[PDB]
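Undergrad: Sequence, then the experimental structure. Questions to follow.
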Amino acid sequence: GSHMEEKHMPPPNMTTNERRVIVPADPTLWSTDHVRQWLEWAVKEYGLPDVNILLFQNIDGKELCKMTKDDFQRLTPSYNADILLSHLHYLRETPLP
């Protein structure tokens, strides 16, 4: 029973994405797919080999805005956790209002 697969993908969110990933400058409202979007695109921009990105597929911004350096280290440890999070926390330094 697999129907309307594209419905599981939330519509593009904020225009606060600037010219970046179509995601709010507050990694809180990055939707389930939009987290995986950057997260995928993140390994892509930052050269992250040790990253199990397909583990965050069920994590959206509300859950990643939560994530601490420890939480990434159980899915994607060492330097990769720090890369991702150090990007996320700076992104929300200028959040969507």
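TA: That came through fine. Residues are numbered from 1 along each chain as shown.
Undergrad: In contact with residue 34, which residues?
TA: Taking CB atoms under 8 Å, 6 or more residues apart in numbering, we find residue 34 in contact with 10, 12, 13, 21, 22, 23, 60, 61. Every residue, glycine included, has its C-beta placed from N, CA and C.
Undergrad: measure it to residue 67 for me?
TA: 15 Å (CB to CB, to the nearest Å).
Undergrad: can you check residue 95 too?
TA: 16 Å.
Undergrad: Those two - which one has more neighbours?
TA: Of the pair residue 95 and residue 67, residue 67 is the one with more neighbours under other CB atoms under 10 Å, namely 19 against 14.
Undergrad: Distance-wise, check the more buried one relative to residue 25.
TA: Distance of residue 67 to residue 25, computed by CB to CB: 17 Å.
Undergrad: and what of residue 44?
TA: 19 Å.
Undergrad: of the two, who's got more company?
TA: Taking other CB under 10 Å, residue 44 and residue 25 do not tie; residue 25 has more neighbours (19 against 11).
Undergrad: does that one really touch residue 94, like I thought?
TA: Yes: in terms of CB atoms under 8 Å, residue 25 counts as a neighbour of residue 94; the distance is 5.1 Å.
Undergrad: where does the host helix or strand of residue 40 sit relative to the chain's centre, distance-wise?
TA: Element membership of residue 40, judged by DSSP states H and E, is helix 32-46. With CA atoms, centre = their mean, to the nearest Å as the basis, helix 32-46 stands 6 Å off its chain's centre.
Undergrad: How about stretch 29-47?
TA: With CA atoms, centre = their mean, you get 4 Å for stretch 29-47.
Undergrad: can you check stretch 9-25 too?
TA: Taking CA atoms, centre = their mean, one finds stretch 9-25 lying 11 Å from the centre of the chain it belongs to.
Undergrad: May I see the buried residues of it?
TA: Buried residues in stretch 9-25, counted by 16 or more other CB atoms under 10 Å: 13, 14, 16, 17, 21, 22, 23, 24, 25.
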